[PDB]
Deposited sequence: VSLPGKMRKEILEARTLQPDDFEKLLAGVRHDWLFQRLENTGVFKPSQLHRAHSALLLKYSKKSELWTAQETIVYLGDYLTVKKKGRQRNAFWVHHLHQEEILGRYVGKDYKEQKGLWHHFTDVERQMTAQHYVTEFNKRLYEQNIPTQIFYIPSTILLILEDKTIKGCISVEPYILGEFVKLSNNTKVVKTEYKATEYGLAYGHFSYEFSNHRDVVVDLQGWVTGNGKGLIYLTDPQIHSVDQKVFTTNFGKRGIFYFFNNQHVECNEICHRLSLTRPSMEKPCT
């Protein structure tokens, strides 16, 4: 079929992917790949570990081997390029099989949020404020069979905790979340804002929080941004984060000057 033709990576594809490819190249390359079946668990597979960097805006591949194990009571994974050998990692595939575009989009979103939160935590540390919220890193595994893509999986470190909405340390989780949204607005040259008030709380409710399902409003529209753009921005500053908190001030975050779009 022509789908099988598109799913096969040539030496040139491998060379580009190992050197690092732009978003547009990657997305156009995997256009006629269709939708795959669930990867086969209890098995070792050759694969490409793909990682996205917002700083460089690059997708980079490494050859690896992954073992896919049992579902979590999501399924355990273990490949040869993990950051933590003794650590545990979970992989996940959409229950309804989807295309590669969705996996890559979700990962780009997670890693943009993570970039902003990393800069946020740098600023916090410089100001002697404990780091409280983080983003789980996310990577892609292209499961290959004879140089042919036969699966796509998302990979994350395992986090043991409970899902919360940040409703109910020194500051409330809500204050961290909203201050981080404001920071994303400023640091992004007033072009992005990450809004998410839900995630995995760890350590009997005392420990760190790993945020999930982030929503990124932006004027520079990308595959992973929301449908609202400046609207969303305005909403966040006029309904969600109406007045700043201590964290915003200690970071020297100023109030935006906006007009309700539309």
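Comparing the deposited sequence with the modelled residues shows gaps at 1-8, 82-90, 186-191, 286, with numbering starting at 1.
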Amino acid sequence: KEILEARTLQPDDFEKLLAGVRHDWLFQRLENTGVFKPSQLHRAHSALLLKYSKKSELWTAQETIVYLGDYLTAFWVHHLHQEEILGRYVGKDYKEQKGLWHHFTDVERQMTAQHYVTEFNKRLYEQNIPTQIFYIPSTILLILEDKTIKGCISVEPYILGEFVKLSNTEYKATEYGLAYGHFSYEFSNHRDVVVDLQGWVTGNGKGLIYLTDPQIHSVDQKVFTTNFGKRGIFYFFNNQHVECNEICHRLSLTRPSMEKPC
From here on, numbers count along this sequence of modelled residues.
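Annotation for 95-103 versus 134-142: the higher mean temperature factor (C-alpha) is found in 95-103. Averaged over their C-alpha atoms, the temperature factors of 41-49 and 203-211 are higher for 203-211. Among 56, 64, 60, 33, the highest C-alpha B-factor in the deposited entry belongs to 33. For the set 154, 184, 168, 118, the maximum C-alpha B-factor listed in the entry falls on 168.
In the PDB entry, residue 249 places in the highest third of its chain by CA B-factor. Among the modelled residues of the chain, residue 129 sits in the middle third by CA temperature factor in this PDB entry. Among all modelled residues in this chain, the alpha-carbon of residue 163 has a temperature factor (C-alpha) in the highest third. Among all modelled residues in its chain, residue 79 ranks in the lowest third by Cα B-factor. The PDB entry assigns residue 88 a C-alpha temperature factor belonging to the middle third of its chain's modelled residues.
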